[PDB]
Amino acid sequence: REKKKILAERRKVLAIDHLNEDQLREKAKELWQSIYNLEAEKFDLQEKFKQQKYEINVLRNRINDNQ
Amino acid sequence: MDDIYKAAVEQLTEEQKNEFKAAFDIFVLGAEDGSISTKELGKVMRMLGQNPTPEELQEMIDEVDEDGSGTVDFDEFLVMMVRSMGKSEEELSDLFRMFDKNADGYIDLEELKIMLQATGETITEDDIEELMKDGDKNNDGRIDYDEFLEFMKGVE
Amino acid sequence: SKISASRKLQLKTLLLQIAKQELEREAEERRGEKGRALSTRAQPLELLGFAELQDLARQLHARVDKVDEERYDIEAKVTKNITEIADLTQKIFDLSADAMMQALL
Ligand SMILES: [Ca+2]
Ligand SMILES: [Ca+2]
Ligand SMILES: [Ca+2]
């Protein structure tokens, strides 16, 4: 009985549970493409993260060796 | 950026060291020590679309006066004629990781030596020796990121 | 010097000829590593009945709201690293011829 959980789990009802099936067939698709496009952005954002741990590792080697 | 000028001085065709030698005897038509000074460099500069100041004239000579005479002779002239005939820092950092295989932030002798072997060319023993000490400007065993730049200036 | 400074440059030029190639291929093992993580994380769709077809779209809809949360919390770790790099990078930073030949000969 939390206010946001009753309201968060209500975006499904208002966007899916109200109309056609030959529209559900063409809506269930683009909901997955919205994830594949979102699961790729999450990959190229972890690879970049790995690379910054190296830059900062290199930079932290230069501020301590040049003092 | 010094030992890259000699590279294009050694590779000067003898059909090009003849023009420069000819155009250098005309340069000095009136100097005692037979060498280019500020009097002569004054001529072919303001008689060529400038008017550089006498000190500004002497600093085009000190950059290639490896003799301390202020008299750019012939061997100092070819160095000058190749300072007027590269690779970016934003790019020499994504190459600096393909050396640092153990990902420590440095390039020790065994990281450069495995890179030398993959070049398809034949490495000797002295090639690896002179290269490391060309980069390691403090003899700490590694070429850090600040030296890997002063190392690879002007490399195509 | 024990070697010609024109060969010293030959070797130097040949080193950066493969570090670029070992980077055009590092960024190639990573192009594939993507699609292999997008058939595991984004198992493509294939079809149902007008009933329990529905409780799929209500699961994708609940996935996007979570996927973008997974994408947000890693972004704000990349976003913060960009800030510290330019903050580290700031600390360390503080520490003619052919026209003369033609006019002579
Ligand atoms: Ca001299
Ligand atoms: Ca290393
Ligand atoms: Ca060093």
# chains A, B, ... in the order shown; residues from 1 in each chain; ligands from 1
$ interface_residues --of "chain C" --to "chain B" --cutoff "8 Å" --atoms "only C-alpha atoms" --output "ChimeraX atom specification"
/C:1-9,11-16,18-20,22-23,96-98,100-101,103-105
$ write_last_selection --atoms "C-alpha atoms" --output "CSV table (one decimal), in the first residue's frame"
chain,number,residue,atom,x,y,z
C,1,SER,CA,74.7,6.8,-31.6
C,2,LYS,CA,74.9,3.1,-32.3
C,3,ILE,CA,72.3,3.2,-35.2
C,4,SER,CA,71.4,5.6,-37.9
C,5,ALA,CA,68.8,8.2,-36.8
C,6,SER,CA,67.0,7.4,-40.1
C,7,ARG,CA,66.6,3.8,-39.0
C,8,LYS,CA,65.6,4.9,-35.5
C,9,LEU,CA,62.7,6.7,-37.2
C,11,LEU,CA,61.5,1.5,-36.3
C,12,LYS,CA,59.4,4.2,-34.6
C,13,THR,CA,57.1,4.5,-37.7
C,14,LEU,CA,56.8,0.7,-37.8
C,15,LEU,CA,55.7,0.5,-34.1
C,16,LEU,CA,52.7,2.8,-34.5
C,18,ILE,CA,50.7,-2.0,-35.6
C,19,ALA,CA,49.5,-0.3,-32.4
C,20,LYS,CA,46.9,1.2,-34.7
C,22,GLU,CA,46.1,-3.9,-32.8
C,23,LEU,CA,43.5,-1.2,-32.0
C,96,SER,CA,60.5,28.8,-45.6
C,97,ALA,CA,62.6,26.6,-48.0
C,98,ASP,CA,60.9,26.1,-51.4
C,100,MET,CA,63.9,30.6,-50.7
C,101,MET,CA,65.4,28.1,-53.2
C,103,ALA,CA,64.5,33.1,-55.0
C,104,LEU,CA,68.2,32.2,-55.0
C,105,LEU,CA,69.1,29.7,-57.8
$ closest_atom_pairs --of "chain B" --to "chain A" --cutoff "10 Å" --atoms "only C-alpha atoms" --output "JSON lines"
{"residue": "B:93", "atom": "CA", "partner": "A:55", "partner_atom": "CA", "distance": 9.1}
{"residue": "B:94", "atom": "CA", "partner": "A:51", "partner_atom": "CA", "distance": 10.0}
{"residue": "B:97", "atom": "CA", "partner": "A:54", "partner_atom": "CA", "distance": 8.8}
{"residue": "B:103", "atom": "CA", "partner": "A:54", "partner_atom": "CA", "distance": 7.6}
{"residue": "B:104", "atom": "CA", "partner": "A:58", "partner_atom": "CA", "distance": 7.8}
{"residue": "B:105", "atom": "CA", "partner": "A:58", "partner_atom": "CA", "distance": 5.0}
{"residue": "B:106", "atom": "CA", "partner": "A:58", "partner_atom": "CA", "distance": 8.2}
{"residue": "B:144", "atom": "CA", "partner": "A:62", "partner_atom": "CA", "distance": 8.1}
{"residue": "B:145", "atom": "CA", "partner": "A:58", "partner_atom": "CA", "distance": 7.6}
{"residue": "B:146", "atom": "CA", "partner": "A:62", "partner_atom": "CA", "distance": 7.8}
$ closest_atom_pairs --of "chain C" --to "chain A" --cutoff "9 Å" --atoms "only C-alpha atoms" --output "JSON lines"
{"residue": "C:30", "atom": "CA", "partner": "A:47", "partner_atom": "CA", "distance": 8.7}
{"residue": "C:34", "atom": "CA", "partner": "A:43", "partner_atom": "CA", "distance": 7.0}
{"residue": "C:35", "atom": "CA", "partner": "A:40", "partner_atom": "CA", "distance": 8.7}
{"residue": "C:37", "atom": "CA", "partner": "A:43", "partner_atom": "CA", "distance": 8.1}
{"residue": "C:38", "atom": "CA", "partner": "A:36", "partner_atom": "CA", "distance": 7.0}
{"residue": "C:41", "atom": "CA", "partner": "A:39", "partner_atom": "CA", "distance": 7.1}
{"residue": "C:42", "atom": "CA", "partner": "A:36", "partner_atom": "CA", "distance": 5.6}
{"residue": "C:43", "atom": "CA", "partner": "A:36", "partner_atom": "CA", "distance": 8.8}
{"residue": "C:44", "atom": "CA", "partner": "A:32", "partner_atom": "CA", "distance": 7.8}
{"residue": "C:45", "atom": "CA", "partner": "A:29", "partner_atom": "CA", "distance": 7.4}
{"residue": "C:47", "atom": "CA", "partner": "A:25", "partner_atom": "CA", "distance": 8.8}
{"residue": "C:48", "atom": "CA", "partner": "A:25", "partner_atom": "CA", "distance": 8.9}
{"residue": "C:50", "atom": "CA", "partner": "A:21", "partner_atom": "CA", "distance": 6.2}
{"residue": "C:53", "atom": "CA", "partner": "A:24", "partner_atom": "CA", "distance": 8.1}
{"residue": "C:54", "atom": "CA", "partner": "A:17", "partner_atom": "CA", "distance": 7.4}
{"residue": "C:56", "atom": "CA", "partner": "A:28", "partner_atom": "CA", "distance": 7.7}
{"residue": "C:57", "atom": "CA", "partner": "A:28", "partner_atom": "CA", "distance": 5.4}
{"residue": "C:58", "atom": "CA", "partner": "A:12", "partner_atom": "CA", "distance": 5.5}
{"residue": "C:59", "atom": "CA", "partner": "A:12", "partner_atom": "CA", "distance": 8.6}
{"residue": "C:60", "atom": "CA", "partner": "A:31", "partner_atom": "CA", "distance": 6.4}
{"residue": "C:61", "atom": "CA", "partner": "A:12", "partner_atom": "CA", "distance": 6.5}
{"residue": "C:62", "atom": "CA", "partner": "A:12", "partner_atom": "CA", "distance": 7.6}
{"residue": "C:63", "atom": "CA", "partner": "A:35", "partner_atom": "CA", "distance": 7.8}
{"residue": "C:64", "atom": "CA", "partner": "A:35", "partner_atom": "CA", "distance": 6.0}
{"residue": "C:67", "atom": "CA", "partner": "A:38", "partner_atom": "CA", "distance": 6.8}
{"residue": "C:68", "atom": "CA", "partner": "A:38", "partner_atom": "CA", "distance": 6.7}
{"residue": "C:70", "atom": "CA", "partner": "A:42", "partner_atom": "CA", "distance": 7.5}
{"residue": "C:71", "atom": "CA", "partner": "A:42", "partner_atom": "CA", "distance": 5.1}
{"residue": "C:72", "atom": "CA", "partner": "A:42", "partner_atom": "CA", "distance": 8.6}
{"residue": "C:74", "atom": "CA", "partner": "A:45", "partner_atom": "CA", "distance": 6.9}
{"residue": "C:75", "atom": "CA", "partner": "A:45", "partner_atom": "CA", "distance": 6.6}
{"residue": "C:77", "atom": "CA", "partner": "A:49", "partner_atom": "CA", "distance": 7.6}
{"residue": "C:78", "atom": "CA", "partner": "A:49", "partner_atom": "CA", "distance": 5.7}
{"residue": "C:81", "atom": "CA", "partner": "A:52", "partner_atom": "CA", "distance": 6.8}
{"residue": "C:82", "atom": "CA", "partner": "A:52", "partner_atom": "CA", "distance": 8.0}
{"residue": "C:84", "atom": "CA", "partner": "A:56", "partner_atom": "CA", "distance": 8.1}
{"residue": "C:85", "atom": "CA", "partner": "A:56", "partner_atom": "CA", "distance": 6.3}
{"residue": "C:88", "atom": "CA", "partner": "A:59", "partner_atom": "CA", "distance": 6.5}
{"residue": "C:89", "atom": "CA", "partner": "A:59", "partner_atom": "CA", "distance": 6.9}
{"residue": "C:91", "atom": "CA", "partner": "A:63", "partner_atom": "CA", "distance": 7.0}
{"residue": "C:92", "atom": "CA", "partner": "A:63", "partner_atom": "CA", "distance": 5.3}
{"residue": "C:95", "atom": "CA", "partner": "A:66", "partner_atom": "CA", "distance": 7.1}
$ select_by_dssp --residues "chain A" --states "alpha helix (DSSP H)" --output "PDB file with N, CA and C atoms, in the first residue's frame"
ATOM      1  N   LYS A   3       2.284   4.553  -2.068  1.00  0.00           N
ATOM      2  CA  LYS A   3       1.659   5.403  -3.075  1.00  0.00           C
ATOM      3  C   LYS A   3       2.338   5.256  -4.432  1.00  0.00           C
ATOM      4  N   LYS A   4       3.667   5.133  -4.451  1.00  0.00           N
ATOM      5  CA  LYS A   4       4.369   5.062  -5.728  1.00  0.00           C
ATOM      6  C   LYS A   4       4.290   3.681  -6.366  1.00  0.00           C
ATOM      7  N   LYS A   5       4.166   2.617  -5.568  1.00  0.00           N
ATOM      8  CA  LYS A   5       4.092   1.279  -6.150  1.00  0.00           C
ATOM      9  C   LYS A   5       2.733   1.024  -6.791  1.00  0.00           C
ATOM     10  N   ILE A   6       1.656   1.510  -6.168  1.00  0.00           N
ATOM     11  CA  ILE A   6       0.345   1.457  -6.808  1.00  0.00           C
ATOM     12  C   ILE A   6       0.357   2.250  -8.110  1.00  0.00           C
ATOM     13  N   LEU A   7       1.146   3.324  -8.167  1.00  0.00           N
ATOM     14  CA  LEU A   7       1.193   4.180  -9.347  1.00  0.00           C
ATOM     15  C   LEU A   7       2.247   3.740 -10.357  1.00  0.00           C
ATOM     16  N   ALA A   8       3.360   3.161  -9.899  1.00  0.00           N
ATOM     17  CA  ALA A   8       4.366   2.659 -10.830  1.00  0.00           C
ATOM     18  C   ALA A   8       3.843   1.451 -11.600  1.00  0.00           C
ATOM     19  N   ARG A  11       1.380   2.030 -14.860  1.00  0.00           N
ATOM     20  CA  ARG A  11       1.718   2.395 -16.231  1.00  0.00           C
ATOM     21  C   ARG A  11       1.484   1.231 -17.186  1.00  0.00           C
ATOM     22  N   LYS A  12       1.589  -0.006 -16.692  1.00  0.00           N
ATOM     23  CA  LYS A  12       1.290  -1.164 -17.527  1.00  0.00           C
ATOM     24  C   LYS A  12      -0.187  -1.199 -17.898  1.00  0.00           C
ATOM     25  N   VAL A  13      -1.062  -0.990 -16.911  1.00  0.00           N
ATOM     26  CA  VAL A  13      -2.500  -1.053 -17.148  1.00  0.00           C
ATOM     27  C   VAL A  13      -2.922  -0.001 -18.167  1.00  0.00           C
ATOM     28  N   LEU A  14      -2.370   1.208 -18.056  1.00  0.00           N
ATOM     29  CA  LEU A  14      -2.786   2.329 -18.890  1.00  0.00           C
ATOM     30  C   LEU A  14      -2.197   2.293 -20.295  1.00  0.00           C
ATOM     31  N   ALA A  15      -1.175   1.471 -20.542  1.00  0.00           N
ATOM     32  CA  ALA A  15      -0.504   1.454 -21.834  1.00  0.00           C
ATOM     33  C   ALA A  15      -0.621   0.138 -22.589  1.00  0.00           C
ATOM     34  N   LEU A  24      -1.412  -5.067 -30.174  1.00  0.00           N
ATOM     35  CA  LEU A  24      -0.483  -5.656 -29.218  1.00  0.00           C
ATOM     36  C   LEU A  24       0.651  -6.386 -29.923  1.00  0.00           C
ATOM     37  N   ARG A  25       0.376  -6.967 -31.094  1.00  0.00           N
ATOM     38  CA  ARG A  25       1.424  -7.651 -31.841  1.00  0.00           C
ATOM     39  C   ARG A  25       2.471  -6.668 -32.349  1.00  0.00           C
ATOM     40  N   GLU A  26       2.045  -5.477 -32.752  1.00  0.00           N
ATOM     41  CA  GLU A  26       2.953  -4.455 -33.249  1.00  0.00           C
ATOM     42  C   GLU A  26       3.409  -3.491 -32.159  1.00  0.00           C
ATOM     43  N   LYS A  27       2.901  -3.639 -30.937  1.00  0.00           N
ATOM     44  CA  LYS A  27       3.399  -2.908 -29.777  1.00  0.00           C
ATOM     45  C   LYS A  27       4.369  -3.736 -28.943  1.00  0.00           C
ATOM     46  N   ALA A  28       4.128  -5.044 -28.820  1.00  0.00           N
ATOM     47  CA  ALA A  28       5.072  -5.908 -28.117  1.00  0.00           C
ATOM     48  C   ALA A  28       6.434  -5.921 -28.798  1.00  0.00           C
ATOM     49  N   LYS A  29       6.473  -5.686 -30.111  1.00  0.00           N
ATOM     50  CA  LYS A  29       7.736  -5.592 -30.829  1.00  0.00           C
ATOM     51  C   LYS A  29       8.533  -4.375 -30.383  1.00  0.00           C
ATOM     52  N   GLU A  30       8.043  -3.179 -30.719  1.00  0.00           N
ATOM     53  CA  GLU A  30       8.774  -1.946 -30.446  1.00  0.00           C
ATOM     54  C   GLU A  30       9.081  -1.755 -28.967  1.00  0.00           C
ATOM     55  N   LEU A  31       8.416  -2.496 -28.079  1.00  0.00           N
ATOM     56  CA  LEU A  31       8.820  -2.491 -26.679  1.00  0.00           C
ATOM     57  C   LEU A  31      10.108  -3.278 -26.477  1.00  0.00           C
ATOM     58  N   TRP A  32      10.380  -4.256 -27.347  1.00  0.00           N
ATOM     59  CA  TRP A  32      11.635  -4.999 -27.280  1.00  0.00           C
ATOM     60  C   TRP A  32      12.767  -4.239 -27.961  1.00  0.00           C
ATOM     61  N   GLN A  33      12.488  -3.635 -29.121  1.00  0.00           N
ATOM     62  CA  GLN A  33      13.472  -2.771 -29.766  1.00  0.00           C
ATOM     63  C   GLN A  33      13.883  -1.629 -28.848  1.00  0.00           C
ATOM     64  N   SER A  34      12.960  -1.152 -28.012  1.00  0.00           N
ATOM     65  CA  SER A  34      13.302  -0.149 -27.015  1.00  0.00           C
ATOM     66  C   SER A  34      14.256  -0.702 -25.961  1.00  0.00           C
ATOM     67  N   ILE A  35      14.315  -2.023 -25.797  1.00  0.00           N
ATOM     68  CA  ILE A  35      15.256  -2.625 -24.856  1.00  0.00           C
ATOM     69  C   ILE A  35      16.581  -2.957 -25.529  1.00  0.00           C
ATOM     70  N   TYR A  36      16.537  -3.551 -26.725  1.00  0.00           N
ATOM     71  CA  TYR A  36      17.771  -3.833 -27.454  1.00  0.00           C
ATOM     72  C   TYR A  36      18.557  -2.555 -27.711  1.00  0.00           C
ATOM     73  N   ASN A  37      17.858  -1.466 -28.040  1.00  0.00           N
ATOM     74  CA  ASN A  37      18.522  -0.174 -28.142  1.00  0.00           C
ATOM     75  C   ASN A  37      19.000   0.314 -26.780  1.00  0.00           C
ATOM     76  N   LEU A  38      18.340  -0.115 -25.703  1.00  0.00           N
ATOM     77  CA  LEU A  38      18.730   0.283 -24.357  1.00  0.00           C
ATOM     78  C   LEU A  38      19.732  -0.671 -23.725  1.00  0.00           C
ATOM     79  N   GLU A  39      19.790  -1.919 -24.187  1.00  0.00           N
ATOM     80  CA  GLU A  39      20.806  -2.847 -23.716  1.00  0.00           C
ATOM     81  C   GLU A  39      22.115  -2.713 -24.483  1.00  0.00           C
ATOM     82  N   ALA A  40      22.110  -2.009 -25.617  1.00  0.00           N
ATOM     83  CA  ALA A  40      23.354  -1.682 -26.301  1.00  0.00           C
ATOM     84  C   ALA A  40      23.995  -0.441 -25.695  1.00  0.00           C
ATOM     85  N   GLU A  41      23.180   0.576 -25.398  1.00  0.00           N
ATOM     86  CA  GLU A  41      23.682   1.763 -24.713  1.00  0.00           C
ATOM     87  C   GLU A  41      24.296   1.407 -23.367  1.00  0.00           C
ATOM     88  N   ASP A  44      28.042  -0.095 -24.386  1.00  0.00           N
ATOM     89  CA  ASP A  44      29.037   0.901 -24.768  1.00  0.00           C
ATOM     90  C   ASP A  44      29.252   1.904 -23.638  1.00  0.00           C
ATOM     91  N   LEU A  45      28.485   1.771 -22.556  1.00  0.00           N
ATOM     92  CA  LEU A  45      28.691   2.580 -21.365  1.00  0.00           C
ATOM     93  C   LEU A  45      29.430   1.827 -20.266  1.00  0.00           C
ATOM     94  N   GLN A  46      29.617   0.515 -20.416  1.00  0.00           N
ATOM     95  CA  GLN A  46      30.503  -0.225 -19.526  1.00  0.00           C
ATOM     96  C   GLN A  46      31.911  -0.328 -20.098  1.00  0.00           C
ATOM     97  N   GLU A  47      32.024  -0.515 -21.417  1.00  0.00           N
ATOM     98  CA  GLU A  47      33.330  -0.502 -22.071  1.00  0.00           C
ATOM     99  C   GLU A  47      34.042   0.825 -21.838  1.00  0.00           C
ATOM    100  N   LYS A  48      33.322   1.937 -22.012  1.00  0.00           N
ATOM    101  CA  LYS A  48      33.892   3.247 -21.723  1.00  0.00           C
ATOM    102  C   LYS A  48      34.294   3.366 -20.259  1.00  0.00           C
ATOM    103  N   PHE A  49      33.534   2.733 -19.358  1.00  0.00           N
ATOM    104  CA  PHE A  49      33.878   2.757 -17.939  1.00  0.00           C
ATOM    105  C   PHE A  49      35.197   2.039 -17.678  1.00  0.00           C
ATOM    106  N   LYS A  50      35.391   0.870 -18.299  1.00  0.00           N
ATOM    107  CA  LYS A  50      36.654   0.154 -18.155  1.00  0.00           C
ATOM    108  C   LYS A  50      37.825   1.004 -18.629  1.00  0.00           C
ATOM    109  N   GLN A  51      37.613   1.792 -19.686  1.00  0.00           N
ATOM    110  CA  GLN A  51      38.691   2.588 -20.260  1.00  0.00           C
ATOM    111  C   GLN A  51      39.047   3.779 -19.379  1.00  0.00           C
ATOM    112  N   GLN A  52      38.079   4.311 -18.626  1.00  0.00           N
ATOM    113  CA  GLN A  52      38.354   5.447 -17.753  1.00  0.00           C
ATOM    114  C   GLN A  52      39.104   5.036 -16.494  1.00  0.00           C
ATOM    115  N   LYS A  53      38.866   3.824 -15.990  1.00  0.00           N
ATOM    116  CA  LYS A  53      39.693   3.305 -14.909  1.00  0.00           C
ATOM    117  C   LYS A  53      41.161   3.239 -15.308  1.00  0.00           C
ATOM    118  N   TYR A  54      41.451   3.145 -16.607  1.00  0.00           N
ATOM    119  CA  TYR A  54      42.834   3.143 -17.071  1.00  0.00           C
ATOM    120  C   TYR A  54      43.383   4.558 -17.210  1.00  0.00           C
ATOM    121  N   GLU A  55      42.609   5.459 -17.822  1.00  0.00           N
ATOM    122  CA  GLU A  55      43.020   6.856 -17.927  1.00  0.00           C
ATOM    123  C   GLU A  55      43.342   7.432 -16.556  1.00  0.00           C
ATOM    124  N   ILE A  56      42.420   7.267 -15.605  1.00  0.00           N
ATOM    125  CA  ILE A  56      42.636   7.751 -14.246  1.00  0.00           C
ATOM    126  C   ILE A  56      43.812   7.033 -13.595  1.00  0.00           C
ATOM    127  N   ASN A  57      44.002   5.746 -13.903  1.00  0.00           N
ATOM    128  CA  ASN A  57      45.183   5.038 -13.417  1.00  0.00           C
ATOM    129  C   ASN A  57      46.459   5.646 -13.989  1.00  0.00           C
ATOM    130  N   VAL A  58      46.434   6.024 -15.269  1.00  0.00           N
ATOM    131  CA  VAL A  58      47.604   6.641 -15.886  1.00  0.00           C
ATOM    132  C   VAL A  58      47.804   8.054 -15.351  1.00  0.00           C
ATOM    133  N   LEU A  59      46.721   8.836 -15.280  1.00  0.00           N
ATOM    134  CA  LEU A  59      46.824  10.207 -14.786  1.00  0.00           C
ATOM    135  C   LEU A  59      47.319  10.242 -13.346  1.00  0.00           C
ATOM    136  N   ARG A  60      46.812   9.342 -12.498  1.00  0.00           N
ATOM    137  CA  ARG A  60      47.282   9.279 -11.120  1.00  0.00           C
ATOM    138  C   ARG A  60      48.741   8.847 -11.031  1.00  0.00           C
ATOM    139  N   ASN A  61      49.283   8.247 -12.092  1.00  0.00           N
ATOM    140  CA  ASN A  61      50.708   7.951 -12.138  1.00  0.00           C
ATOM    141  C   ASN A  61      51.535   9.160 -12.551  1.00  0.00           C
ATOM    142  N   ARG A  62      50.914  10.163 -13.171  1.00  0.00           N
ATOM    143  CA  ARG A  62      51.644  11.334 -13.635  1.00  0.00           C
ATOM    144  C   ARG A  62      51.657  12.462 -12.614  1.00  0.00           C
ATOM    145  N   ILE A  63      50.593  12.606 -11.819  1.00  0.00           N
ATOM    146  CA  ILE A  63      50.579  13.633 -10.781  1.00  0.00           C
ATOM    147  C   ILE A  63      51.436  13.247  -9.589  1.00  0.00           C
ATOM    148  N   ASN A  64      51.822  11.977  -9.474  1.00  0.00           N
ATOM    149  CA  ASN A  64      52.642  11.538  -8.355  1.00  0.00           C
ATOM    150  C   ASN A  64      54.109  11.370  -8.732  1.00  0.00           C
ATOM    151  N   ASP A  65      54.380  11.205 -10.032  1.00  0.00           N
ATOM    152  CA  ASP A  65      55.771  11.036 -10.532  1.00  0.00           C
ATOM    153  C   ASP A  65      56.359  12.403 -10.909  1.00  0.00           C
TER     154      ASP A  65
END
$ residues_near_ligand --ligand "ligand 1" --cutoff "8 Å" --atoms "only C-alpha atoms and all ligand atoms" --output "list in words"
residues 35, 64, 65, 66, 67, 68, 69, 70, 71, 72, 73 and 76 of chain B
$ write_last_selection --atoms "C-alpha atoms" --output "mmCIF file, in the first residue's frame"
data_model
loop_
_atom_site.group_PDB
_atom_site.id
_atom_site.type_symbol
_atom_site.label_atom_id
_atom_site.label_comp_id
_atom_site.auth_asym_id
_atom_site.auth_seq_id
_atom_site.Cartn_x
_atom_site.Cartn_y
_atom_site.Cartn_z
ATOM 1 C CA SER B 35 79.102 30.533 -43.243
ATOM 2 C CA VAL B 64 70.449 24.694 -35.619
ATOM 3 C CA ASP B 65 73.771 26.000 -34.247
ATOM 4 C CA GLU B 66 75.246 22.763 -32.917
ATOM 5 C CA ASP B 67 78.672 24.380 -32.976
ATOM 6 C CA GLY B 68 77.884 27.544 -31.009
ATOM 7 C CA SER B 69 79.319 29.927 -33.618
ATOM 8 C CA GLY B 70 76.067 31.543 -34.782
ATOM 9 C CA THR B 71 77.370 30.641 -38.240
ATOM 10 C CA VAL B 72 74.994 28.141 -39.853
ATOM 11 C CA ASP B 73 77.413 26.292 -42.133
ATOM 12 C CA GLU B 76 73.716 23.071 -40.174
#
$ closest_atom_pairs --of "chain B" --to "ligand 3" --cutoff "10 Å" --atoms "only C-alpha atoms and all ligand atoms" --output "CSV"
residue,atom,partner,partner_atom_place_in_ligand_line,distance
B:106,CA,ligand 3,1 (Ca),8.2
B:107,CA,ligand 3,1 (Ca),8.6
B:108,CA,ligand 3,1 (Ca),9.1
B:132,CA,ligand 3,1 (Ca),9.3
B:133,CA,ligand 3,1 (Ca),9.1
B:135,CA,ligand 3,1 (Ca),7.1
B:136,CA,ligand 3,1 (Ca),4.4
B:137,CA,ligand 3,1 (Ca),6.0
B:138,CA,ligand 3,1 (Ca),5.5
B:139,CA,ligand 3,1 (Ca),6.1
B:140,CA,ligand 3,1 (Ca),5.0
B:141,CA,ligand 3,1 (Ca),6.3
B:142,CA,ligand 3,1 (Ca),4.7
B:143,CA,ligand 3,1 (Ca),4.3
B:144,CA,ligand 3,1 (Ca),5.2
B:145,CA,ligand 3,1 (Ca),8.6
B:146,CA,ligand 3,1 (Ca),8.3
B:147,CA,ligand 3,1 (Ca),6.5
B:148,CA,ligand 3,1 (Ca),8.8
$ atom_distance --atom1 "atom CA of residue 149 of chain B" --atom2 "atom CA of residue 63 of chain B"
20.7 Å
